[PDB]
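# Chains, contacts and geometry: an overview
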Protein chains: 2
Amino acid sequence: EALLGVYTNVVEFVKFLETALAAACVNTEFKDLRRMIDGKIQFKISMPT
Amino acid sequence: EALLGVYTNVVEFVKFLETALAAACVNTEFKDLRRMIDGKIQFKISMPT
């Protein structure tokens, strides 16, 4: 009786930067995190009448 | 009275190799099937998470 094969099953790596979900993101490199607590983004609306 | 011919069927063959059934096949010539007992194929499935 004889063998006939051991078949390679490789799952390809899928990176985040190439899917166009990243068109709903603004990707910024970010050196450390746990040295930061709670960041902030500030607005200012001046409404003319 | 008269004779009007030997009219005879001619059995054209049909290859297994030359149908379009054989697209569902992988046709390899083999030597000694009376010698083999049992073939075997191994699949190694990995699975990402």
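Residues numbered from 1 in each chain as written, not as in the entry; some residues may be left out. Chains lettered and ligands numbered in written order. Part of a larger assembly, values for the part shown. Heavy atoms only, no water.

Structure determination for the deposited model, as stated in its record, used cryo-EM, and the stated resolution is 4.2 Å.

After a rotation of 61° and a shift along the axis of 1.2 Å, chain A superposes on chain B with an RMSD of 0.9 Å. When the rotation and shift are considered jointly, the pair of chain copies conforms to a six-fold rotation axis. The rotation axis passes nearest to the C-alpha of A:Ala20 in chain A, at a distance of 40 Å. (Least-squares fit on C-alpha atoms.)

Here we come to the pattern of salt bridges. Residues and elements named next belong to chain A. All told, the structure shown has one salt bridge over all chains when counted by the stated rule. One salt bridge in this structure joins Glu18 and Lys15, with 3.8 Å as the shortest N-O distance. A relative accessible area of 40% places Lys15 in the partly exposed class. (Salt bridge = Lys/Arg side-chain N within 4 Å of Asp/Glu carboxyl O. Buried < 20%, exposed > 50% of the residue type's maximum accessible area, 1.4 Å probe, protein only.)

On to the interface of chain A and chain B, then. Listed by partner, the interface residues are nine residues for chain A and twelve residues for chain B. Each partner contributes to the roughly 950 Å² buried at the junction of chain A and chain B, and carbon and sulfur atoms together form 58% of this total. For the chain A face of the interface with chain B, the top three residues by lost area are A:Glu1, A:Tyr7 and A:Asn9, together amounting to 48%. If you look at where chain A meets chain B, you find zero salt bridges. On inspection of chain A and its partner chain B, the count reaches six residue pairs in polar contact. Across the side of chain A that touches chain B, the residue classes tally to six nonpolar, two polar and one charged. (Contact = heavy atoms within 4.5 Å. Buried area = accessible area lost by both parts, 1.4 Å probe. Polar contact = N/O pair within 3.5 Å; in protein donor to acceptor, adjacent residues only side chain to side chain. Nonpolar A, V, L, I, M, F, W, Y, C, P; charged D, E, K, R; others polar.)

Where nonpolar side chains cluster on the molecular surface, the patch consists of A:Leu4, A:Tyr7, B:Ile41, B:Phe43 and B:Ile45 and spans about 560 Å² of accessible area. Elements that contribute at least two residues to the nonpolar patch include exactly β1 (2-7) of chain A together with β1 (39-43) of chain B. Note that A:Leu4 resides in strand β1. Looking at A:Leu4, the relative accessible area reads 55%, which means it is exposed. (Patch = residues over 30% accessible without salt bridge, like charges linked within 9 Å, V, L, I, M, F, W, Y side chains within 5 Å. Areas by Shrake-Rupley, 256 points an atom, 1.4 Å probe, with all protein chains shown as cover. Helix = DSSP H or I, 4+ residues; strand = E, 2+ residues; numbered from the N terminus.)

A few words now on the packing of aromatic side chains. Counted under the stated rule, the structure contains one aromatic pair over all chains. Here A:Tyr7 and B:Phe43 contribute two aromatic rings whose centre-to-centre distance is 5.6 Å and whose plane-to-plane angle is 70°, an arrangement assigned as edge-to-face. Of the two residues, A:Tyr7 is situated in strand β1 and B:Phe43 in strand β1; the pairing between them involves two chains. According to the relative accessible area criterion, A:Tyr7 is partly exposed, its value standing at 40%. (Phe/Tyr/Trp six-rings, centres within 6.5 Å; stacked < 30°, edge-to-face > 60°.)

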